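Q: Based on what follows, work out the 3D shape:
(4 chains)
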Amino acid sequence: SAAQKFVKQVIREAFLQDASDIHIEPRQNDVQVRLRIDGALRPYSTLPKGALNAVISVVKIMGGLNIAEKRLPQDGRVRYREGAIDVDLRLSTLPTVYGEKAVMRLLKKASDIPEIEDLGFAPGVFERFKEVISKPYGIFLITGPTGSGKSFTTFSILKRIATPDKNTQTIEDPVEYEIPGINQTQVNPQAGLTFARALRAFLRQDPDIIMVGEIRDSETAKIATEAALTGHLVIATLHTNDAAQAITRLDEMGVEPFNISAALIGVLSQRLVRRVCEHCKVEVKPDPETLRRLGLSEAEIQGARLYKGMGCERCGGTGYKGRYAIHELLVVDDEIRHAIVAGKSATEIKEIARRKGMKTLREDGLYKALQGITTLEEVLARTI
Amino acid sequence: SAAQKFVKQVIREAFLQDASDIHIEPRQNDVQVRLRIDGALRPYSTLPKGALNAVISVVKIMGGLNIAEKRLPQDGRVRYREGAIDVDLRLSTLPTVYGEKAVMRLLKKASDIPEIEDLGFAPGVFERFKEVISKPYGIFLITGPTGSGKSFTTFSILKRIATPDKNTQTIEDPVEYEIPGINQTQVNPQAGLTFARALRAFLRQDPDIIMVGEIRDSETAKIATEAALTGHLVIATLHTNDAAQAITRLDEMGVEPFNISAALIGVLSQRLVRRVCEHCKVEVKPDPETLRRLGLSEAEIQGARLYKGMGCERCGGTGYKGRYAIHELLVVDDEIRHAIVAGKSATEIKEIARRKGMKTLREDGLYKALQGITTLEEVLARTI
Amino acid sequence: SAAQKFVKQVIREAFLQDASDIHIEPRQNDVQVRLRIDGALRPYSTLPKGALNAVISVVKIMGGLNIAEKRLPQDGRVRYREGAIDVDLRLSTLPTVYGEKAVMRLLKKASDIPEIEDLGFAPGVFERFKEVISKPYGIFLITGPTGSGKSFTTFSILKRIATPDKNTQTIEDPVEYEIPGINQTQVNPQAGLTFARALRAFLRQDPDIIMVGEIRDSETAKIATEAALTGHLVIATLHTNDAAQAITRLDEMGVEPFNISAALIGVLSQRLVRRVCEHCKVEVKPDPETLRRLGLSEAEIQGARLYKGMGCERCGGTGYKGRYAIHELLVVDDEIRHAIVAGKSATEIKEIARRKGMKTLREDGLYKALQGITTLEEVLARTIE
Amino acid sequence: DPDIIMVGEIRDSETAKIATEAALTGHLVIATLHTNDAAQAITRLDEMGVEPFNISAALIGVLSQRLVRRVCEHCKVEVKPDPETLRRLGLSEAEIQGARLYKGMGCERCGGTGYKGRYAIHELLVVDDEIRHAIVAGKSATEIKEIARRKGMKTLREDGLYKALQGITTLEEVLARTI
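A: Residues are numbered from 1 along each chain as shown, chains lettered A, B, ... in the order given. Sharing the structure here:
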């Protein structure tokens, strides 16, 4: 039963190695253990096959799960105590043929969230970001997958808006960060505690500020928007292919455009692209046609270079140390506010914003590759 | 558990400041106790995080909830009418990164009862209000905020029809919205006297007029409606914010649609949207697609301009000049009674009245926005 | 021993003949013994009811089932080895008037899983296929009728990404495709662990890759793809007679159409037609009744050729041997994603998809039959007509 | 691991529910359905309380041969079918209008019944995607049968009535078979 302690080491190290998640998972003889370093699970160690049930006992005990329910999966709130952690970690266990799988999404701290600028918001792009989060109320749409960086933006906004004078309350599946000035709540749509339910719970906590981990049901958008419309500042996320689509998407989702318009101040498209570690960065030259389409033109193409995440100790072995986000910012002026209610397509909205000086995910991903931040490997893999 | 010391310094100040809520915040080392006042927080007292947990149990105690269960969210409400303390507390807890937030929402002092014309309903609504009360039987259902809408306005209906010569009674817990000429009941769910039980007497006593302060039981919803079936004037408060919603909800309560449909004669709503300066107004597009999606009369879809303040020494500071009363009257005819059974949507059931000139919150609101008094955004903020 | 020889040798042959499952099907003297060859049971042997008791008991003894109870249903799991075989088995029984029935499922190991390059794509579409499944997140939807070979395709991609280094996680019933080091969840619906409960846990179990070996539970489809909708890499097994239809099927399974337009990277509708056994692959046909029903291209009619499963023993007496998957690949580009975000039907998606290169399921089969793998007759059976 | 699944008698809700689950994973659930009409057999799972997700994934088609008293062909009495009877039934036009009933008057080939023993009325319902929607929606036996029936497809009602309308059976009997 060695993992009664080993797991705690996994959990501890997941924080120390800058992982977002803790995983202890079995093999035929031993158990594969990984930390989600810079967004990807890495081979931390292994532990004895039988020890996997000890692992389970650790993760179940710390979060109050029925220690005996190794027959079906359960989840909870880990009052986790080891090293750097004094965190309600986001616990789950699941029975597997070689012993039950043990997981804790890390409940990271405010210090683990890159700023609303740091993520890579180009001057004009950032100005628009600020226009939105500086309002006393309204909605900010952010969009992409887990690993889109939307979490970083969303909770970096909290770092920039969740103050002592604002009742910040978040809605997250599960809570990813531990931030001051805020009451950050754990959400589970599979249990019926969807973001729509959590949004009602949120409003009953009488907030000034809201963060929403995912807009999925029409209601998650609509009630996050209601919060804005009850005088709150609302920051919320979707999974679309652009900023423009976040508006189009809320219309596609049946989120009444008049509520989108009532609150919407602006929209951020977002994607993480892995960031090349300076201890492994390798210069390579990109293709002119790809580059034309990505927004370079001839002179930049002649001098264009990409930087590859070749691999080093300082990148967790991923080739990249951390990730940066690709950013596209739309401000809802009246041409756009019209576009919201008119049900305009993502192309229509994006092109208006580009006319106004907005850079797209495609142009930004590229620029970051050219800059020495990433490569048109990761960019392309993680962009539109 | 004191804990309560900090909370109590706050129930003192929060009630004294006419706060919207008392916030026991599950923070990193501590617990903030904050005051949401005039729409936003200011901090007042601080507990240790150990005391957070103590308070989570305290508010669960006040509602008779499972106080031992410090990890899972629960709710209810309590009659906090102890002199200086004269606001009900909405009980809610919600689990975060450091334990549940403990909430004592201030269920704002009744602010008693308006004489319904006082609402400032557009003429096509008010005169029809008068028309609805000219047929004093069945259900006259009203929505809106505690202290500025719920029983505030359903009792306004009573004030206009429930004369001393009518057997009129209400159900409240505690009684706050008071009308001379009328009986007002305190519900004692603790005794087993839930609002359903209170209603069982209202039905059994054969009144001319029945009032439900909060339709808060399957049996409450059912009984109020059963009484209405026979023609009792069952005026009732439905703790939601829109007449259109109120028209179909009792079916969700398990109430037979026979009695619901047979019962209704009209449903009202009211809102506080924020006004603008007018003098220092900012032209904002009354976008017709917004307005069309809303289902507004063309008089408002096309016949319009919105105005926003600049935030603005004549507003403020959100760009709006204080609270603006917006109203609705969904007059119920035979076709509406068919719609109740059908379960027509809030937009549709609302749209029907709007197209008759009966300005709904959505029209009376948006109308007022479209007239340049407020913005469609603030009205949509509330006419969601 | 007589009991060991039947079980060990039928199992050894079950795998050699490409069965998916071994069946001992009770009869009043004699029990039909069949192998689920190419997706359907075939005459391996027969067995006496005396052997139902001895052999069904062996299945039960192996499985961990109750060897006496002719009045209750059963299920379990073992590891099996003899001759050329070292592959796990799923064991189950059900009381029968003839003596209790038994099945031993061939729980193919990871070493039995094909590559992404074995999915039959022509150069253009293959390069795109590769580009699609090589992505770090999103769903690659693998679809088709029961008897489609979906677990190979499903696991060929899992395998691509199934390194113990990464948190690869898949739901099995019971576990078969090991590679240890990747999570191999074993459902237990009696406890509450259905495939949906399992995936519910997969989301809560935050692996890098979410896989469903068999979506028997429609909620499993919802959740597996939900994992993609949320940003995980997803590979999963779902019914479809048209890849465009598969996209619509995701919408029908509760997978949000809106997030699908971002999360779906590719769709593949498959089906098995029986391979003409390589040991008796006689050049015959294409047949005019078959051609008429199918709509075969002249390129395929007058150049490409069919074969007849004349008879080769390891075919179970039919002449057909080996599952032949057909691969209708739909690359999910902007037209498809728009059709998806718009919530479009199989027809609407298919038509834009067709214009964008979606050779259909029926057509891919026609081509492949004539490439000398199967018979168009089999192509008829699994599609039209 | 069925290719083909059978129920000797689907006698209850757990059985209907599970039989339908049994079909869901792609197996041919052939079954004794406690019914007298093929289209009725299709709708029935909803009626049984079968969880509808199983119903949607399960149904492919229905077989009938329900017997009618066979008209005594050799003393068959001309009876006009009512073409409205036939239309209302939903038959394929020719089998409405050119159609003619008979009834036996009693005979050396039927005795005091008017019918020459019995006739098995034919039917094949086929559940395509539109029928799938109809089943889940709770559509009637007449509607499901009427649809499958087109293109001259025989049903307990169309074949039945069709043969009734030749003088093999009486529309009456057929209608009793397909009410």
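Q: and stretch A:364-374, how far out from the chain's middle?
A: With CA atoms, centre = their mean, to the nearest Å as the basis, stretch A:364-374 stands 20 Å off its chain's centre.
Q: hmm, that stretch touching chain C?
A: No: for stretch A:364-374 and chain C, the contact criterion (CB under 8 Å from any CB of the partner chain) is not met; the two come no nearer than 13.5 Å. No exception for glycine: its C-beta is placed from N, CA and C like everyone else's.
Q: buried ones in that stretch?
A: Going by neighbour count (16 or more other CB atoms under 10 Å in any protein chain shown), the buried part of stretch A:364-374 is A:364-370, A:373-374.
Q: how long is stretch A:141-159 end to end?
A: By CA to CA, to the nearest Å, the extent of stretch A:141-159 from end to end equals 17 Å.
Q: Correction: the previous question concerned stretch A:348-363.
A: Counting by CA to CA, you get 17 Å between the two ends of stretch A:348-363.
Q: Stretch A:58-72 too?
A: Distance between the two ends of stretch A:58-72: 17 Å, counting by CA to CA.
Q: And the strand or helix carrying residue A:10, what's buried?
A: Using DSSP states H and E, residue A:10 sits in helix A:3-16. For helix A:3-16, the buried set under the neighbour-count rule, 16+ other CB under 10 Å, comprises A:3, A:6-15.
Q: what's the answer for stretch A:52-70, then?
A: By 16+ other CB under 10 Å, the buried positions in stretch A:52-70 come out as A:52-60, A:62-63, A:65, A:69-70.
Q: Residue A:168 contacts residue A:177, correct?
A: No: counting by CB atoms under 8 Å, residue A:177 is not a contact partner of residue A:168; they are 11.9 Å apart.
Q: mind listing what whichever residue of the stretch 151-300 of chain A sits closest to chain D touches?
A: Closest approach between the stretch 151-300 of chain A and chain D, counting by CB to the nearest CB: residue A:190, at 17.0 Å. Neighbouring residues of residue A:190 by CB atoms under 8 Å, 6 or more residues apart in numbering or on different chains: C:200, C:203-204, C:223.
Q: Now do the helices in the stretch 101-250 of chain A.
A: A:123-133, A:150-161, A:195-203, A:218-229, A:243-252 (DSSP state H, counting those that start in this stretch).
Q: among these, which is nearest chain B?
A: helix A:218-229 (3.5 Å).
Q: which strands and helices sit next to the closest one?
A: Judged by 3 or more CB pairs under 8 Å, 6 or more residues apart in numbering or on different chains; DSSP states H and E, the packing partners of helix A:218-229 are strand A:138-143, helix A:195-203, strand A:209-212, strand A:233-238, helix A:257-263, helix B:376-382.
Q: farthest-separated two in the buried residues of stretch A:52-70?
A: Farthest pair in these (CB to CB) is A:52 and A:63. Separation: 16.9 Å.
Q: circling back to that earlier point, will you turn the helices and strands packed on helix A:218-229 into a markdown table that also has mean neighbour count?
A: Formatted as a markdown table, the helices and strands packed on helix A:218-229 follow (neighbours: other CB atoms under 10 Å in any protein chain shown):
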| stretch | mean neighbour count |
| --- | --- |
| strand A:138-143 | 29 |
| helix A:195-203 | 22 |
| strand A:209-212 | 29 |
| strand A:233-238 | 29 |
| helix A:257-263 | 29 |
| helix B:376-382 | 29 |
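Q: Could you export those as TSV, including distance to chain C?
A: What follows is these, written out as TSV (distance: least, CB to the nearest CB, whole Å):
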stretch	distance to chain C
strand A:138-143	8
helix A:195-203	12
strand A:209-212	14
strand A:233-238	8
helix A:257-263	14
helix B:376-382	22
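Q: check contacts around the closest residue to residue A:251 other than its chain neighbours.
A: Nearest non-adjacent residue to residue A:251, counting by CB to CB, 6 or more residues apart in numbering or on different chains: residue A:343, 4.8 Å away. Applying CB under 8 Å, 6+ apart to residue A:343 gives the contacts A:248, A:251, A:257, B:289.
Q: Just among those residues, which is most surrounded?
A: The most crowded member of the contacts of residue A:343, judged by other CB atoms under 10 Å in any protein chain shown, is residue A:257 (28 neighbours).
Q: Identify the residues contacting it.
A: Listed by CB under 8 Å, 6+ apart, the contact set of residue A:257 reads A:250-251, A:340-343, B:289-290, B:293.
Q: tell me which of these is nearest to chain C?
A: Closest to chain C, out of all of the contacts of residue A:257 and judged by CB to the nearest CB, is residue A:250, at 9.3 Å.
Q: Let me know how buried the closest one is, in neighbour terms.
A: Other residues within reach of residue A:250, judged by other CB under 10 Å, total 29.
Q: Okay, and the beta partners of residue A:282?
A: With DSSP bridges as the criterion, residue A:282 is bridged to residue A:308.
Q: who touches it in this structure?
A: Counting by CB under 8 Å, 6+ apart, residue A:282 has contacts A:307-308, A:310.
Q: Redo those as CSV? Include neighbour count.
A: As requested, the contacts of residue A:282 are exported to CSV (neighbours: other CB under 10 Å):
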residue, neighbour count
A:307, 22
A:308, 19
A:310, 16
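Q: hmm, back to that, what residues do residue A:168 and residue A:177 have in common as contacts?
A: Common contacts of residue A:168 and residue A:177 (CB under 8 Å, 6+ apart): residue A:158.
Q: Chain neighbours aside, what residue packs nearest to the spatially most central residue of chain A?
A: Geometric centre of chain A, nearest residue: residue A:151, 2.9 Å, by CA atoms, centre = their mean. Nearest residue to residue A:151 in three dimensions, chain neighbours excluded: residue A:176, at 5.5 Å (CB to CB, 6+ apart).
Q: Can you report how many residues lie near that neighbour?
A: Residues lying near residue A:176 (other CB under 10 Å) number 26.
Q: these two touch, right, it and residue A:105?
A: Yes: in this structure, residue A:176 is within contact of residue A:105 by CB under 8 Å, at 6.9 Å.
Q: want to throw the contacts of residue A:257 into a markdown table with secondary structure?
A: Below are those laid out as a markdown table (DSSP: H, G, I helix; E, B strand; the rest coil):
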| residue | secondary structure |
| --- | --- |
| A:250 | helix |
| A:251 | helix |
| A:340 | helix |
| A:341 | helix |
| A:342 | helix |
| A:343 | coil |
| B:289 | helix |
| B:290 | helix |
| B:293 | helix |
